[PDB]
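data.txt, holding compact mmCIF, C-alpha atoms:
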# COMPACT_ATOMS: atom_id res chain seq x y z
CA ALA A 21 93.59 71.37 111.01
CA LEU A 22 94.90 71.31 114.60
CA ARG A 23 98.23 70.16 116.06
CA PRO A 24 98.86 70.36 119.83
CA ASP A 25 102.47 69.23 119.35
CA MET A 26 103.34 72.79 118.28
CA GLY A 27 101.51 74.81 120.93
CA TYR A 28 101.35 78.51 119.98
CA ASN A 29 103.65 77.77 117.01
CA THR A 30 101.08 77.56 114.20
CA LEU A 31 98.05 79.52 113.04
CA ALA A 32 96.28 76.14 113.06
CA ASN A 33 96.02 76.51 116.86
CA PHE A 34 94.42 79.97 116.73
CA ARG A 35 90.90 81.18 115.95
CA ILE A 36 91.24 84.78 114.77
CA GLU A 37 88.31 86.88 115.99
CA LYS A 38 88.80 90.47 114.79
CA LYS A 39 91.40 92.61 113.01
CA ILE A 40 91.91 94.82 116.06
CA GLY A 41 95.07 96.27 114.50
CA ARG A 42 94.86 99.12 112.00
CA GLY A 43 97.16 100.20 109.19
CA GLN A 44 98.91 98.69 106.19
CA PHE A 45 102.37 98.51 107.79
CA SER A 46 101.16 95.35 109.55
CA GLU A 47 97.91 93.65 110.53
CA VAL A 48 97.41 92.65 114.18
CA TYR A 49 94.41 90.41 114.89
CA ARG A 50 92.92 89.47 118.26
CA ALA A 51 92.52 85.69 118.42
CA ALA A 52 91.83 82.90 120.91
CA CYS A 53 94.05 79.87 121.43
CA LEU A 54 92.16 76.63 120.79
CA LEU A 55 94.08 74.77 123.52
CA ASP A 56 94.57 76.52 126.87
CA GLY A 57 91.78 78.87 125.79
CA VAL A 58 93.62 82.11 126.62
CA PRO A 59 92.85 85.03 124.28
CA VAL A 60 95.91 86.18 122.33
CA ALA A 61 96.68 88.65 119.55
CA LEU A 62 98.85 87.70 116.57
CA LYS A 63 100.92 90.15 114.52
CA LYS A 64 101.59 89.37 110.85
CA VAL A 65 104.48 91.00 108.99
CA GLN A 66 104.17 90.68 105.20
CA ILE A 67 107.93 90.21 105.05
CA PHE A 68 107.83 87.92 102.02
CA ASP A 69 109.14 90.76 99.84
CA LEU A 70 108.99 93.53 102.46
CA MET A 71 112.32 92.41 103.95
CA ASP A 72 115.49 90.95 102.47
CA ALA A 73 117.60 88.08 103.83
CA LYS A 74 120.00 90.42 105.62
CA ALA A 75 116.98 92.19 107.14
CA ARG A 76 114.80 89.12 107.72
CA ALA A 77 117.56 87.63 109.87
CA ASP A 78 117.94 91.07 111.47
CA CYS A 79 114.26 91.15 112.47
CA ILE A 80 114.30 87.61 113.86
CA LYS A 81 117.42 88.84 115.66
CA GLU A 82 115.37 91.36 117.66
CA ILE A 83 112.27 89.36 118.66
CA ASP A 84 114.52 86.84 120.43
CA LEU A 85 116.14 89.53 122.58
CA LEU A 86 112.64 90.90 123.22
CA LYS A 87 111.58 87.39 124.28
CA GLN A 88 113.89 87.70 127.28
CA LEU A 89 111.64 90.24 129.03
CA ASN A 90 109.33 89.58 132.00
CA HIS A 91 107.67 92.68 133.48
CA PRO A 92 104.03 93.32 134.47
CA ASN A 93 104.13 96.52 132.36
CA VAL A 94 105.66 95.00 129.19
CA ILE A 95 103.61 92.84 126.84
CA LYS A 96 104.29 89.12 127.11
CA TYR A 97 105.81 87.68 123.92
CA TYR A 98 104.56 84.10 123.72
CA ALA A 99 105.89 82.64 120.46
CA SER A 100 107.48 83.42 117.10
CA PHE A 101 107.26 81.39 113.90
CA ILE A 102 107.15 81.80 110.13
CA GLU A 103 104.49 80.17 107.95
CA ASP A 104 103.32 81.36 104.53
CA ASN A 105 106.63 83.23 104.18
CA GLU A 106 105.07 85.78 106.57
CA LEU A 107 106.30 86.43 110.10
CA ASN A 108 103.87 85.56 112.91
CA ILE A 109 104.14 86.81 116.49
CA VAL A 110 101.60 86.12 119.26
CA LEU A 111 101.69 88.35 122.34
CA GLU A 112 99.42 89.31 125.23
CA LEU A 113 95.98 90.73 124.49
CA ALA A 114 95.11 94.36 125.32
CA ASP A 115 91.42 94.47 124.45
CA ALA A 116 90.42 97.57 126.44
CA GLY A 117 92.18 99.88 123.98
CA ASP A 118 95.16 102.12 123.33
CA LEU A 119 96.13 105.40 124.97
CA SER A 120 95.99 107.11 121.56
CA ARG A 121 92.25 106.41 121.50
CA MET A 122 92.15 107.37 125.18
CA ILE A 123 93.54 110.82 124.34
CA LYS A 124 91.03 111.24 121.50
CA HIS A 125 88.19 110.45 123.91
CA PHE A 126 89.12 113.51 125.97
CA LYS A 127 90.03 115.55 122.88
CA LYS A 128 86.51 115.07 121.52
CA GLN A 129 85.08 115.65 125.01
CA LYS A 130 87.06 118.92 125.20
CA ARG A 131 87.91 118.09 128.84
CA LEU A 132 91.65 118.06 129.51
CA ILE A 133 93.39 115.34 131.53
CA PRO A 134 94.12 115.92 135.24
CA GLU A 135 97.72 115.96 136.41
CA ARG A 136 96.61 113.24 138.84
CA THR A 137 95.89 110.54 136.25
CA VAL A 138 98.77 111.18 133.85
CA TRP A 139 101.17 110.08 136.60
CA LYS A 140 98.88 107.11 137.31
CA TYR A 141 99.80 105.76 133.87
CA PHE A 142 103.19 107.39 133.26
CA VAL A 143 104.97 105.77 136.22
CA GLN A 144 103.74 102.38 135.02
CA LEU A 145 105.28 103.14 131.62
CA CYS A 146 108.66 104.16 133.04
CA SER A 147 108.65 100.99 135.14
CA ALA A 148 108.50 99.04 131.88
CA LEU A 149 110.87 101.25 129.90
CA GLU A 150 113.43 100.80 132.67
CA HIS A 151 112.96 97.03 132.69
CA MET A 152 113.72 97.12 128.97
CA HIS A 153 116.66 99.48 129.53
CA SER A 154 117.73 97.06 132.28
CA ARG A 155 118.04 94.34 129.63
CA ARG A 156 119.75 96.89 127.33
CA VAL A 157 116.82 96.92 124.89
CA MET A 158 115.09 100.08 123.66
CA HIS A 159 111.46 100.39 122.60
CA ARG A 160 112.53 102.18 119.39
CA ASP A 161 109.05 103.66 118.78
CA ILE A 162 107.13 105.01 121.79
CA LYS A 163 103.79 106.42 120.63
CA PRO A 164 100.40 106.87 122.33
CA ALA A 165 99.05 104.17 119.98
CA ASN A 166 101.47 101.52 121.30
CA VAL A 167 100.90 102.05 125.04
CA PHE A 168 98.00 99.74 125.87
CA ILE A 169 95.99 99.99 129.09
CA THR A 170 93.79 97.11 130.24
CA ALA A 171 90.19 97.37 131.41
CA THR A 172 91.55 97.13 134.95
CA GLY A 173 94.09 99.89 134.37
CA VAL A 174 97.47 98.18 134.04
CA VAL A 175 99.76 99.71 131.41
CA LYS A 176 101.53 97.62 128.75
CA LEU A 177 103.53 98.66 125.69
CA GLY A 178 103.39 97.43 122.10
CA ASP A 179 106.13 96.55 119.61
CA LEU A 180 108.87 98.40 117.72
CA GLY A 181 110.00 99.02 114.14
CA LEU A 196 106.24 108.70 100.52
CA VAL A 197 108.66 109.54 103.35
CA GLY A 198 108.09 107.21 106.30
CA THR A 199 107.71 109.07 109.60
CA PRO A 200 107.98 107.91 113.23
CA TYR A 201 105.38 109.66 115.36
CA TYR A 202 107.95 111.36 117.62
CA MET A 203 111.11 112.22 115.70
CA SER A 204 114.38 112.45 117.61
CA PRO A 205 116.82 115.33 117.03
CA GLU A 206 119.47 112.66 116.37
CA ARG A 207 117.21 110.57 114.12
CA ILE A 208 117.38 113.61 111.79
CA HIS A 209 121.14 113.85 111.39
CA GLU A 210 120.94 110.06 110.92
CA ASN A 211 122.91 109.27 114.07
CA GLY A 212 122.22 106.05 115.93
CA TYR A 213 119.05 105.49 117.93
CA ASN A 214 120.47 105.35 121.45
CA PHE A 215 118.66 104.92 124.76
CA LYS A 216 118.66 108.66 125.55
CA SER A 217 116.69 109.08 122.32
CA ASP A 218 114.22 106.42 123.48
CA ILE A 219 113.37 108.80 126.34
CA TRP A 220 113.07 111.76 123.97
CA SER A 221 110.06 109.97 122.50
CA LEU A 222 109.00 109.35 126.10
CA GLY A 223 109.37 113.03 127.00
CA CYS A 224 107.18 114.11 124.10
CA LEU A 225 104.74 111.41 125.23
CA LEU A 226 104.23 113.11 128.60
CA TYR A 227 103.49 116.36 126.77
CA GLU A 228 100.87 114.70 124.57
CA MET A 229 98.95 113.48 127.63
CA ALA A 230 98.83 116.98 129.14
CA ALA A 231 98.11 118.84 125.87
CA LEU A 232 96.37 115.98 124.00
CA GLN A 233 98.48 116.61 120.88
CA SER A 234 102.17 116.32 119.93
CA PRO A 235 104.48 119.13 121.09
CA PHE A 236 105.71 119.87 117.56
CA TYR A 237 102.41 119.28 115.72
CA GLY A 238 102.78 122.00 113.14
CA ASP A 239 100.57 124.96 112.31
CA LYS A 240 100.97 124.33 108.56
CA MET A 241 102.53 120.85 108.65
CA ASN A 242 105.97 121.12 107.04
CA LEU A 243 108.43 118.23 107.13
CA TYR A 244 111.39 120.64 107.34
CA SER A 245 110.27 123.36 109.77
CA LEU A 246 109.17 120.58 112.12
CA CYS A 247 112.85 119.60 112.21
CA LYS A 248 114.14 123.08 113.05
CA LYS A 249 111.33 123.33 115.61
CA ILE A 250 112.75 120.11 117.07
CA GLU A 251 116.31 121.41 116.75
CA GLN A 252 115.41 124.72 118.44
CA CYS A 253 113.11 123.05 120.99
CA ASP A 254 110.41 125.64 120.22
CA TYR A 255 107.22 124.00 121.48
CA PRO A 256 104.05 125.45 123.04
CA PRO A 257 104.30 125.55 126.85
CA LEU A 258 101.61 124.06 129.05
CA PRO A 259 99.10 125.73 131.39
CA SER A 260 100.70 127.17 134.51
CA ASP A 261 97.48 126.41 136.42
CA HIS A 262 96.76 122.71 135.93
CA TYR A 263 100.07 120.84 135.60
CA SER A 264 102.75 120.51 138.27
CA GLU A 265 105.87 122.53 137.50
CA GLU A 266 107.89 119.37 138.18
CA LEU A 267 106.17 117.99 135.08
CA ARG A 268 106.46 121.05 132.83
CA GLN A 269 110.14 120.93 133.81
CA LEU A 270 110.29 117.14 133.45
CA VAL A 271 109.07 117.35 129.86
CA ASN A 272 111.48 120.18 129.02
CA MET A 273 114.18 118.07 130.69
CA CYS A 274 113.54 115.00 128.52
CA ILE A 275 113.41 116.83 125.16
CA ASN A 276 116.74 118.63 125.52
CA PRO A 277 118.26 118.43 122.00
CA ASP A 278 121.73 117.25 123.06
CA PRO A 279 121.24 113.66 124.31
CA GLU A 280 123.98 113.94 126.96
CA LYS A 281 121.89 116.74 128.49
CA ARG A 282 118.93 114.38 128.90
CA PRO A 283 118.33 112.16 131.94
CA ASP A 284 118.38 108.37 132.10
CA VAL A 285 115.21 106.31 132.35
CA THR A 286 115.61 105.49 136.04
CA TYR A 287 115.80 109.15 137.10
CA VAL A 288 112.56 109.83 135.22
CA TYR A 289 111.23 106.75 137.00
CA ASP A 290 112.19 108.25 140.37
CA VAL A 291 110.48 111.56 139.58
CA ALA A 292 107.35 109.82 138.30
CA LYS A 293 107.01 107.70 141.44
CA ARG A 294 107.28 110.40 144.11
CA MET A 295 105.01 112.71 142.11
CA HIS A 296 102.54 109.81 141.87
CA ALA A 297 102.15 109.65 145.66
CA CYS A 298 101.76 113.42 146.14
CA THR A 299 98.66 113.25 143.91
CA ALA A 300 96.45 110.95 145.99

Encoded form (structure tokens):
Amino acid sequence: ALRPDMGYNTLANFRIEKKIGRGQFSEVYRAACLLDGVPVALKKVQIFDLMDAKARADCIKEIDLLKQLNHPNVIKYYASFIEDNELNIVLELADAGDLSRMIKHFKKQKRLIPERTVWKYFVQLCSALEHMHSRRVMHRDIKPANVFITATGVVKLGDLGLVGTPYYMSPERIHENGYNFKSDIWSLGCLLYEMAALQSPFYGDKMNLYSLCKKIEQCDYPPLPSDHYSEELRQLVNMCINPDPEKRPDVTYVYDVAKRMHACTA
């Protein structure tokens, strides 16, 4: 059926086109609204038995804070509702593709990324991450697969969240301390590395869940080429993955560095 009285607040007002979202943790489909006609993507959480009352209310607690966020580099959250005992969220469409796939493109090509373009996208990201840190919200999970670039080139970021593993593990997310802001930029620091090396900084020789942690605790990661990447960057990455969080910068300083270095490369 169809009900315009509840615009964006029911799957009855959406024609799902493709399951453009991979994985079994959640299914994200690209759809088209049957009213205004704008294409939108919906995200379904199978939280019927995946979450418990104390958690269900905790998750609905976060999407509302996230709703209060208007930035051209953060994805627009249009509506939230629950039908079929599953959580539904409809946000802006990023059809062009993710940065994770954008890395793989070059990785298969065997042609590394120029220092000129990584700033072209990175600054945009920090702009967002600061806008979120301005509202005292943290992305929680910054990975190349959640940073979406449009066909035009604008940069927008995705959502947040048998041993489950975040892509970039914080040195404080190991000793089980709280996920603070200065850990949200740890993930961001490792992100800059992945664009210049096209693979995580701690991606292990013989993947080992434990040595990876000491490698994170000791900060023993493979340096980058002295020839192709500005030393401001190779020192900006090493500055953002300092184990002790106090010794790390704040988002806005990384924003400052990203901006000025973005103009020197043009």

Closest to residue 127 (chain A) among A:160, A:168, A:54, A:232, using only C-alpha atoms?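 Among the listed residues, A:232 lies closest to residue 127 (chain A).
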
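Distances to residue 284 (chain A) were evaluated for A:65, A:241, A:222, A:109 using all atoms listed in the file, and the minimum falls at A:222.
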
Residues within 10 Å of residue 294 (chain A), only C-alpha atoms, excluding chain neighbours under 5 positions, as a list in words: residues 139, 143, 289 and 299 of chain A

Pull the closest atom pair for each residue of region 166-263 of chain A that gets at most 12 Å from region 131-137 of chain A, along with the distance in Å to one decimal, counting all atoms listed in the file, ordering rows by chain and then ascending residue number, as CSV.
residue,atom,partner,partner_atom,distance
A:173,CA,A:137,CA,11.0
A:226,CA,A:135,CA,10.6
A:227,CA,A:133,CA,11.2
A:228,CA,A:133,CA,10.2
A:229,CA,A:133,CA,7.0
A:230,CA,A:133,CA,6.2
A:231,CA,A:132,CA,7.5
A:232,CA,A:132,CA,7.5
A:233,CA,A:132,CA,11.1
A:258,CA,A:135,CA,11.6
A:259,CA,A:132,CA,10.9
A:260,CA,A:135,CA,11.8
A:261,CA,A:135,CA,10.5
A:262,CA,A:135,CA,6.8
A:263,CA,A:135,CA,5.5

Can you pull out the residues contacting residue 278 (chain A)? Cut-off 12 Å, using all atoms listed in the file, and skip same-chain residues under 4 positions away; I want them as number ranges by chain. A: 204-206, 216-217, 220, 250-253, 273-274, 282-283

Env of region 83-95 of chain A: 7 Å cut, atoms = all atoms listed in the file, seq-sep filter 4 positions within chain, self excluded. Answer as a PDB file with C-alpha atoms, in the coordinates of the input.
ATOM      1  CA  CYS A  79     114.260  91.150 112.470  1.00  0.00           C
ATOM      2  CA  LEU A 111     101.690  88.350 122.340  1.00  0.00           C
ATOM      3  CA  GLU A 112      99.420  89.310 125.230  1.00  0.00           C
ATOM      4  CA  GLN A 144     103.740 102.380 135.020  1.00  0.00           C
ATOM      5  CA  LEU A 145     105.280 103.140 131.620  1.00  0.00           C
ATOM      6  CA  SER A 147     108.650 100.990 135.140  1.00  0.00           C
ATOM      7  CA  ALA A 148     108.500  99.040 131.880  1.00  0.00           C
ATOM      8  CA  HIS A 151     112.960  97.030 132.690  1.00  0.00           C
ATOM      9  CA  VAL A 175      99.760  99.710 131.410  1.00  0.00           C
ATOM     10  CA  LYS A 176     101.530  97.620 128.750  1.00  0.00           C
ATOM     11  CA  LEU A 177     103.530  98.660 125.690  1.00  0.00           C
ATOM     12  CA  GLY A 178     103.390  97.430 122.100  1.00  0.00           C
TER      13      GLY A 178
END

For the atom pair CA of residue 118 (chain A) and CA of residue 163 (chain A), what is the interatomic distance in Å to one decimal place?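 That distance, rounded to one decimal, is 10.0 Å.
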
Taking (101.4, 86.7, 111.8) in the file's own coordinates, collect the residues within 7 Å, counting all atoms listed in the file, and hand them back as a PyMOL selection string. chain A and resi 62-65+106-109

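Minimum distance to residue 141 (chain A) across A:224, A:292, A:285, A:114 (counting all atoms listed in the file) occurs at A:292.
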